[PDB]
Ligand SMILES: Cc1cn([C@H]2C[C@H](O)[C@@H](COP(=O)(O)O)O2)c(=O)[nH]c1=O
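Here we start with a single chain on its own, the form solved without the named molecule, put down as structure tokens.
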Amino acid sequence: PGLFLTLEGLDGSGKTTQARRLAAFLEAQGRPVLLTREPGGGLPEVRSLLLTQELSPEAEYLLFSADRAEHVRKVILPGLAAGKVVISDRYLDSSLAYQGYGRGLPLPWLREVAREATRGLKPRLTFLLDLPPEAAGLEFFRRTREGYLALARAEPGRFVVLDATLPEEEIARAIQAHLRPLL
């Protein structure tokens, strides 16, 4: 039946290091893992389109969504069906935080697009590396950072909020502890 986990945070939060440590830790426990990421896990070329100058926030979200739709269908759901722990470094919450809270797109529209895009697939746990925004324009990063924390307040059983300024090995231990019962 598989287990779906995601990592979230601003760039430079350690989200990527923790994703990779978590995969190693599960693979060293002998259990099959698939490590993936967004953007690009669905449509690797999306990275090009995303860099378009002056891209509207609507277009930006739709590009992330096109990647995400492919990613869920071709990578994530097949991996879960094989009984893998699938870990995504970024998933839907990244859009909600960056394009919703950061760029100001309406959350309900984002969720409706996502409903089909993701086939309703939600992570069992999402580890949010909460990084002060200055350590990542600043106003945008503040909105995005706070957005992530709003998302975590709204779904307090799914989100595990971690202080990204802690040493890496302490963050990893905290992630491992959250995960032990779901083994």
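A residue's number is simply how far along the shown sequence it sits, counting from 1.
Absent from the display: the form solved in complex with the named molecule. The rest refers to it.
*Asks:* Could you check the pocket for me: superposition on the site C-alphas, the named molecule placed as it sits in the deposited complex, then open or blocked, blocked being at least 3 ligand atoms within 2.4 Å of backbone or C-beta atoms?
*Replies:* Judged against the named molecule in the deposited complex, the pocket is open.
*Asks:* If the criterion is a non-hydrogen atom within 4.5 angstroms, does every one of 37, 64 and 98 touch the named molecule in the deposited complex?
*Replies:* Yes, each of 37, 64 and 98 comes within 4.5 Å of the named molecule in the deposited complex.
*Asks:* Using a 4.5 Å cut on heavy atoms, which of 47, 119, 31, 124 is close to the named molecule in the deposited complex?
*Replies:* Selected residue: 47.
*Asks:* Which is the contacting stretch out of 23 to 31, 37 to 45, 110 to 118, 153 to 161, given heavy atoms within 4.5 Å of the named molecule in the deposited complex?
*Replies:* So the stretch in question is 37 to 45.
*Asks:* Within 1 to 17, which residues come within 4.5 Å of the named molecule in the deposited complex, counting heavy atoms only?
*Replies:* The one in contact is 11.
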